[PDB]
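Chemist: Mind looking over this structure? Questions follow.
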Amino acid sequence: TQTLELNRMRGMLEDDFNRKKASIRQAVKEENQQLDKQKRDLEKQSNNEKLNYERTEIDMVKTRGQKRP
Amino acid sequence: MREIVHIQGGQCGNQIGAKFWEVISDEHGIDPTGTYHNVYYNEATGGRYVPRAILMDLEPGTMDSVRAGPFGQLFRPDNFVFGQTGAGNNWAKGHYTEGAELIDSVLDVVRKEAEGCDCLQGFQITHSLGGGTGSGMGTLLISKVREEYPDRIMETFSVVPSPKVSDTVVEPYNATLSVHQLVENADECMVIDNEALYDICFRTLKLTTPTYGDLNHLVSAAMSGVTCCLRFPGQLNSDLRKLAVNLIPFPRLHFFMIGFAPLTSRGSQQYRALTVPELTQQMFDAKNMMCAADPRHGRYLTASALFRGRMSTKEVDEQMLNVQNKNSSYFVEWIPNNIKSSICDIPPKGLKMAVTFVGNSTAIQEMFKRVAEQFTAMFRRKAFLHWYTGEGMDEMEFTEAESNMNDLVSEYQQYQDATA
Ligand SMILES: Nc1nc2c(ncn2[C@@H]2O[C@H](COP(=O)(O)OP(=O)(O)O)[C@@H](O)[C@H]2O)c(=O)[nH]1
């Protein structure tokens, strides 16, 4: 009975340790998923901003007609 | 990543180029300002797209031509090089004295564009072979670029002179002088002649007043379909080099024939449901190609067919097998399975099926034979020969060119007659 009381100790401790480590790994996976959104969004913002700026530049250039004094 | 520069030349080459660019813009969903609604176009500020093409000619008329037609603002003035004189049907005026002082500059605008790409699958040229400007300038340019980048392939979408319905009186000289040099530094001389184009546009579409716009549009459709299987994914993909490998057996039997499908008029449109065997029957008909040479009068060394749309590949391959096996006489024996297929996945604008057929066939030596006939008939009298002798050109180059032409046609004949 004592050796069973102790083997269940070992078993419970190990089947808790492993679940804890797997939880840590899942948390790291979530952290990387989160980090991905930064490079997903900053690039979108910079793309839209380049679009706006270069469109405004095209406009300002094209807005040169004739003077006719 | 397999890009293509699109060099032009001469008035006809420039017209065909403008038509091709507007058709490609139609397919790729671009509007005449260059906004969506890398193989051909190039990205540019403000989401704009500019074609990767250069436009050369000795007369500035074609400048106003390509500016006047729609989709003329897609191009860039850095690729608008233009002389002043215009060759006026003097081939030498496009190869030795006047054209030269332009081609140098053109080299820059070529290398101002070639290195812009990273894996340049090859060039492609659009010009005529009778006009001094197109023929001469394009020939010198082919020389230069084949000296420069021998690794890439140089398609020449050339329009050979109208054999019987001649519009100029100096066609044979320029055609022969051009072919003599084209046969060396080219890889795909797909010939077109307005005789076949009028034949098609008359007896296949019943059209009323065929202007040059319609012929250019037809050649544009064929030009697009040629490489569309590379422009898009497909169940069995090809490129500009698989074609070359499967089409030429020797370094100088590389002169092709072009065919498009399907083509019908309204009355005939309301009938004849679209199905791959019908497309085959319309594609392998003799009068349905861009060359005034009944292909039955020769054999097919080899021939590739690129389909565009959604179909059943088994039906494609079985139709190809049936058509090569039933008419075994017109095909050549010493090579087996001499037909080739490919299939894309995006057909043209609203056309649930499309076929583009390219065939290396010894039935086209007759065209060169008759052109050389006109040449030799006009040369033994030295007719209109001073116009060329005046430009440093001699009389040895002409007989050398004619002898090279006859050597080429003798090659076609000799290795048509061979057996196993
Ligand atoms: N399909 C088509 N053929 C043309 C066109 N223009 C000329 N051709 C033919 O091509 C020859 C004239 O070549 P051209 O370009 O005018 O001379 P170049 O200016 O020296 O290149 C003639 O045989 C014309 O009939 C065109 O716009 N479309």
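The residues of chain B that appear here are 1-37, 48-430 by Swiss-Prot count, in order.
Each Cβ is built from the backbone N, Cα and C atoms, and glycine gets one as well.
For B:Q11, B:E69, B:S138, B:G142, B:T143, B:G144, B:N204, B:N226, the entry in Swiss-Prot reads GTP binding site. The Mg(2+) binding site annotation in Swiss-Prot covers B:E69 and is backed by similarity to another entry.
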Chemist: Per the record, GTP is bound by B:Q11, B:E69, B:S138, B:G142, B:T143, B:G144, B:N204, B:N226: how many Å separate the farthest pair of Cα atoms?
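Modeler: Max Cα-Cα spread across the GTP binders: 23 Å.
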Chemist: Which residues of the same chain, at least 6 positions away in sequence, have a Cβ lying under 8 Å from the Cβ of B:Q11 (GTP binding site)?
Modeler: B:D67, B:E69, B:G71, B:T72, B:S75, B:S138, B:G141, B:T143, B:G144
Chemist: Which residue, out of the binding-site residues B:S138, B:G142, B:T143, B:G144, B:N204, shows the minimum number of other Cβ atoms inside 10 Å of its Cβ in this structure?
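Modeler: If we count Cβ atoms within 10 Å for the binding-site residues B:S138, B:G142, B:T143, B:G144, B:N204, the smallest count is at B:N204.
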Chemist: Got a sec? Which of these binding-site residues, B:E69, B:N226, has the most Cβ atoms within 10 Å?
Modeler: B:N226
Chemist: When DSSP states are folded down to helix, strand and coil, where does B:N226 (GTP binding site) land?
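Modeler: It is helical.
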